[PDB]
Protein chains: 4
Amino acid sequence: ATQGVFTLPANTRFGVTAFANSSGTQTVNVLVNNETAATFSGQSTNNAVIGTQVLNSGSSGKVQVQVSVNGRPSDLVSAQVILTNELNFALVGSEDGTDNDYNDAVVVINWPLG
Amino acid sequence: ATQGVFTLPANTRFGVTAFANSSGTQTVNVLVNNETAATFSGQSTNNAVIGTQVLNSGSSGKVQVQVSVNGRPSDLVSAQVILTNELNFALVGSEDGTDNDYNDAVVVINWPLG
Amino acid sequence: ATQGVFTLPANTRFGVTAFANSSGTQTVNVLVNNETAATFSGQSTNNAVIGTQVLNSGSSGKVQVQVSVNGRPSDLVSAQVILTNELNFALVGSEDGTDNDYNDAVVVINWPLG
Amino acid sequence: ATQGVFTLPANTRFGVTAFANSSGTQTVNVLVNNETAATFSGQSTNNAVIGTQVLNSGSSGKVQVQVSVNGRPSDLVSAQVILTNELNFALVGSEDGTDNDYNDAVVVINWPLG
Ligand SMILES: [Ca+2]
Ligand SMILES: [Ca+2]
Ligand SMILES: [Ca+2]
Ligand SMILES: [Ca+2]
Ligand SMILES: [Ca+2]
Ligand SMILES: [Ca+2]
Ligand SMILES: [Ca+2]
Ligand SMILES: [Ca+2]
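- Its PDB record attributes the structure to X-ray crystallography, giving the resolution as 2.0 Å.

- This entry appears in the Protein Data Bank under the title "LecB (PA-LII) sugar-free".

**Let's talk about the interface of chain A and chain B**
When the parts come together, some accessible area is lost, and that loss is often what is quoted as the size of the interface.
Part 1 of the argument: If you look at the interface, chain A gives 32 residues, while chain B gives 33 residues.
Part 2 of the argument: For the side of chain A that touches chain B, the elements supplying multiple residues, two or more each, are β2 (13-32), β3 (35-56), β6 (75-83), β7 (87-95) and β8 (105-111) of chain A.
Part 3 of the argument: Counted by class, the side of chain A that touches chain B contains 16 nonpolar, 14 polar and two charged residues.

**Some remarks on the coordination of the calcium ion (ligand 3)**
Residues and elements named next belong to chain B.
Part 1 of the argument: Only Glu95 (OE), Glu95 (OE), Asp99 (OD), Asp101 (OD), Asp104 (OD) and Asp104 (OD) from the protein coordinate the calcium ion (ligand 3), and they sit 2.3 to 2.6 Å from it.
Part 2 of the argument: For the calcium ion (ligand 3), all donor residues lie on one chain, and their spacing in sequence is E-x3-D-x1-D-x2-D.
Part 3 of the argument: Here the calcium ion (ligand 3) and the calcium ion (ligand 4) are spaced 3.8 Å apart, and both take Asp101 as a donor.

**A few points about the interface of chain A and chain C**
Part 1 of the argument: Tallying the contact residues gives 13 residues for chain A and 13 residues for chain C.
Part 2 of the argument: Summing both partners gives a buried area of about 970 Å² for chain A against chain C, and 42% of it is carried by carbon and sulfur.
Part 3 of the argument: Summed over the shared surface of chain A and chain C, the result is zero salt bridges.
Part 4 of the argument: Summed over the shared surface of chain A and chain C, the result is six residue pairs in polar contact.
Part 5 of the argument: At five residues, β6 of chain A tops the list of elements feeding residues into the side of chain A that touches chain C.

**Considering the environment of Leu83 of chain C**
Part 1 of the argument: You can see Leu83 of chain C is positioned in strand β8 (residues 75-83).
Part 2 of the argument: On the accessibility criterion, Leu83 of chain C (1% relative accessible area) is buried.
Part 3 of the argument: For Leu83 of chain C, the residues in contact, after removing those within four places along its chain, are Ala79 of chain A, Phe89 of chain C together with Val77, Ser78, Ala79 and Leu91 of chain D.

**Notes on the UniProt feature "binding site: Ca(2+) 2" (unreviewed entry) in chain A**
Part 1 of the argument: In the numbering adopted here, UniProt assigns the feature "binding site: Ca(2+) 2" (unreviewed entry) to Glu95, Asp96, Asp99, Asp101 and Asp104 of chain A.
Part 2 of the argument: Following the sequence through the fold, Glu95 of chain A ends up in strand β7.
Part 3 of the argument: Under the relative-accessibility criterion, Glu95 of chain A is labelled buried at 4%.
Part 4 of the argument: Discounting residues that sit within four places of it in the chain, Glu95 of chain A has contacts with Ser74, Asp75, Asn100, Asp101, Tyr102 and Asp104 of chain A.
Part 5 of the argument: Turning to its location among the elements, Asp101 of chain A is positioned in the loop between β7 and β8.
Part 6 of the argument: Under the relative-accessibility criterion, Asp101 of chain A is labelled buried at 10%.
Part 7 of the argument: Apart from residues lying up to four places away in sequence, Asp101 of chain A is in contact with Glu95 of chain A together with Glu86, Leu87 and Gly114 of chain B.

Definitions and limits used
Residues numbered from 1 in each chain as written, not as in the entry; some residues may be left out. Chains lettered and ligands numbered in written order. Heavy atoms only, no water. Residues with missing side-chain atoms left out of burial classes, pairs and counts. Contact = heavy atoms within 4.5 Å. Helix = DSSP H or I, 4+ residues; strand = E, 2+ residues; numbered from the N terminus. Nonpolar A, V, L, I, M, F, W, Y, C, P; charged D, E, K, R; others polar. Donors = N, O, S within 2.8 Å, 3.2 Å for Na, K, Ca; no water. Buried area = accessible area lost by both parts, 1.4 Å probe. Salt bridge = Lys/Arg side-chain N within 4 Å of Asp/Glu carboxyl O. Polar contact = N/O pair within 3.5 Å; in protein donor to acceptor, adjacent residues only side chain to side chain. Buried < 20%, exposed > 50% of the residue type's maximum accessible area, 1.4 Å probe, protein only. UniProt positions renumbered as here; feature names shortened; annotations may be inferred.

This is the structure we're talking about:
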């Protein structure tokens with residue numbers, strides 16, 4: 001099934017943060033309404049934050065995360081979790097190799113903010 | 001029910017990250033084996049990362065997240081999600097006031113790393 | 001924090017199902033827009049599916065699960081998970097005692113149907 | 001990524017329940033320790049339960065769910081959720097066609113039981 005795609009409330013601020021756990025450089029693209037709203041690029045084998053920013057879901061509220069290592073798209077796993085019917089987490093894991101640890105690039109989206 | 005307590009596999013490196021979304025200064029304390037392993041303190045209404053570190057679950061494997069605002073303990077909400085039976089996320093939300101948005105201090109724990 | 005409350009898309013049908021794992025008779029109430037729309041009850045320590053029914057979220061989309069044993073409300077734990085940004089599960093666990101297994105009455109809400 | 005495979009505690013009882021929402025007859029296979037341990041077959045377009053049983057996770061604890069409709073393997077989506085660090089949910093959604101509602105056969109695994 002498709003992974004890394006989330007529908008947030010329209011015109012809503014949300015945070016997006018990416019961590020890296022791979023020898024290779026991670027390039028994370030965050031799409032809002034099919035348009036690149038943010039890009040994070042970095043390398044780390046110790047869960048470093050290669051990017052964190054605040055974005056706005058916009059009209060469609062459609063947000064999609066994509067990860068690639070040297071142009072090659074990583075396989076993704078994802079899910080959305082809501083706590084006490086108010087706090088939202090859109091979670092993404094990505095695998096750029098074969099060991100299937102799916103942490104090479106970890107992306108955490110959360111909302112609402114403030 | 002008890003919230004903010006997580007049983008991770010023993011002696012395992014994990015990442016812990018806190019975000020702030022409140023008018024009040026958040027104090028996020030991370031306990032491992034019931035000992036303070038890290039403490040983040042910060043104020044923000046725009047999801048600033050007031051702290052992120054890589055800790056080791058230790059021999060016990062017990063990780064607890066505590067949040068307080070100026071000495072007053074916040075109410076916590078939490079859960080753990082596992083993707084593709086391998087990628088783990090321990091999620092924590094906290095409420096320091098009366099609006100119940102539970103984002104005042106958001107904490108995310110992820111593993112495995114590397 | 002409040003538990004057992006879920007906001008479903010408006011006027012959408014969903015399935016609600018209850019499971020029992022306790023020596024005490026479980027009584028599960030499902031409120032839609034603050035009015036009970038379904039009630040299940042039974043006594044099993046072998047995960048018996050004590051009841052299931054298709055309901056409509058109505059205009060409010062608000063759904064709440066309440067669990068009581070012999071007139072006393074049980075402590076609740078819950079969360080919502082979304083898969084492939086399409087399949088929704090609203091989960092509820094309940095504890096009518098102190099042995100901390102929170103399975104005395106388990107309720108699963110899923111949608112969309114059809 | 002791999003889906004429908006869950007690592008439960010070993011030699012532990014768990015419940016597996018399947019619901020159907022499709023014109024096609026669903027065949028749900030549950031394997032334990034790499035051997036089919038249970039099979040549910042049924043049809044429903046109203047979320048009716050097509051099977052529910054209590055099984056043992058075997059020596060490795062590995063439990064795998066596979067769904068097919070007339071020989072054709074349905075695409076799976078899944079995740080595990082843990083509430084209050086003790087109540088577990090292994091969720092599976094399956095798509096036997098192209099409309100991608102992933103509810104054709106919905107499978108819920110829960111533990112502990114009793
Ligand atoms: Ca990898
Ligand atoms: Ca890695
Ligand atoms: Ca608040
Ligand atoms: Ca807040
Ligand atoms: Ca109990
Ligand atoms: Ca019980
Ligand atoms: Ca379908
Ligand atoms: Ca269907």
